[PDB]
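Enquirer: Take a look at the following structure, please.
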């Protein structure tokens with residue numbers, strides 16, 4: 003079991019290659035993951051200067070193998086069973102009445118480090134919309150992430166909507182269609198339906214001058230008796 007791999011606080015590296023409406027950018031992240039607790043701490047920096055999109059819009063794109074699966078759930082944990090060979094995470098994110106993000110990532114162990122490498126392509130945003138106009142609050146809400154087994158592809162099928170709060174007191178929904186599929190030949194662990202409970206909290210390093218985002222994530226699995 004790759005569950006034996008998350009026994010401690012694992013180190014995390016995130017590399018995202020990006021392009022939204024042709025605006026290229028790149029972000030690097032680093033931090034650590036305690037799956038036992040159910041907790042991530044990550045910090046990100048735009049290395050091409052300014053991020054052309056609000057930071058909150060990439061939180062879900064920037068490692069669900071650090072979800073805390075209670076003891077009677079531990080076998081619905083595809084995310085870890087797929088390790089250290091890892092898996093591929095593919096998504097489409099439709100921002101309601103605005104553009105979309107299309108992401109492919111590989112999440113696998115690269116030594117002791119758990120690494121998430123992301124290709125993101127984003128099209129059809131409105132330059133004076135909520136996303137390209139930077140009208141989102143620098144903050145994040147609490148969501149459930151709903152997980153189904155997809156034996157067909159022998160991976161999973163995940164869905165949820167993010168509720169991005171808008172300056173004007175409004176909500177911008179972002180609808181996530183997600184699938185994860187195993188990299189290795191050595192069998193993933195297909196789950197009964199459950200959900201992950203995700204609270205994310207967003208901050209700034211007062212000493213960091215580059216465009217960055219600090220992230221604290223708390224996740225714990227749930228739904229099964």
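Numbering (full-length UniProt numbering), first residue to last: 3 to 64, 68 to 230. Beta carbons: idealized from backbone N, C-alpha and C, even for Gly.
1. Three Cβ pairs or more, each shorter than 8 Å: is that satisfied between the stretch 99 to 119 and the stretch 191 to 209?
2. Apply the 10 Å Cβ neighbour rule to residue 44 and answer buried if 16 or more other Cβ atoms are within range, or exposed otherwise.
3. How is residue 100 classed by DSSP in three states: helix, strand or coil?
4. Would you list the one or two residues that DSSP bridges to residue 217?
5. I'd like to confirm the pairing. Which residues does DSSP put opposite residue 292 in its beta bridges?
6. What residue ranges within the stretch 90 to 138 form continuous beta strand (DSSP E) runs of no fewer than 3 residues, ordered along the chain?
7. Which residue comes first and which comes last in the beta strand (DSSP E) that contains residue 166?
8. Is the beta carbon of residue 286 sitting closer than 7 Å to the one on residue 47?
9. Considering only their Cβ atoms, is the gap separating residue 196 from residue 226 smaller than 7 Å?
10. Going by DSSP, what residues sit across from residue 153 in a beta bridge?
11. Starting from residue 86, trace the alpha helix (DSSP H) both ways and give me its first and last residue.
12. Find out if the Cβ-Cβ distance for the pair residue 110, residue 187 is shorter than 7 Å.
13. Is it a yes or a no for the stretch 146 to 153 touching the stretch 122 to 129, going by three-plus beta-carbon pairs under 8 Å?
14. Out of curiosity, what's the CA-to-CA distance linking residue 172 and residue 106?
15. Can you tell me which residues form a DSSP beta bridge with residue 202?
16. Below 8 Å on the Cβ atoms is my guess for residue 103 versus residue 130; work out the distance and round it to an integer in Å.
17. Leaving aside the five residues before and after residue 26 along the sequence, list all residues of the same chain whose C-beta is less than 8 Å from its C-beta, in chain order.
18. Cβ atoms of residue 160 and residue 144: under 7 Å apart, would you say?
19. Quick check on DSSP: helix, strand or coil for residue 33?
20. Do you know how far the Cα of residue 113 is from the Cα of residue 9?
Expert: Inspection of the coordinates gives the following:
1. no
2. buried
3. strand
4. 47
5. The shown model of the chain, from 3 to 230, leaves out residue 292, and the question about it has no answer.
6. 92 to 100, 105 to 115, 118 to 128
7. 160 to 171
8. No answer is possible for residue 286: it lies beyond the span of the chain, which begins at 3 and ends at 230.
9. no
10. 162
11. 83 to 86
12. no
13. no
14. 22 Å
15. 149, 225
16. 6 Å
17. 20, 50
18. no
19. strand
20. 16 Å
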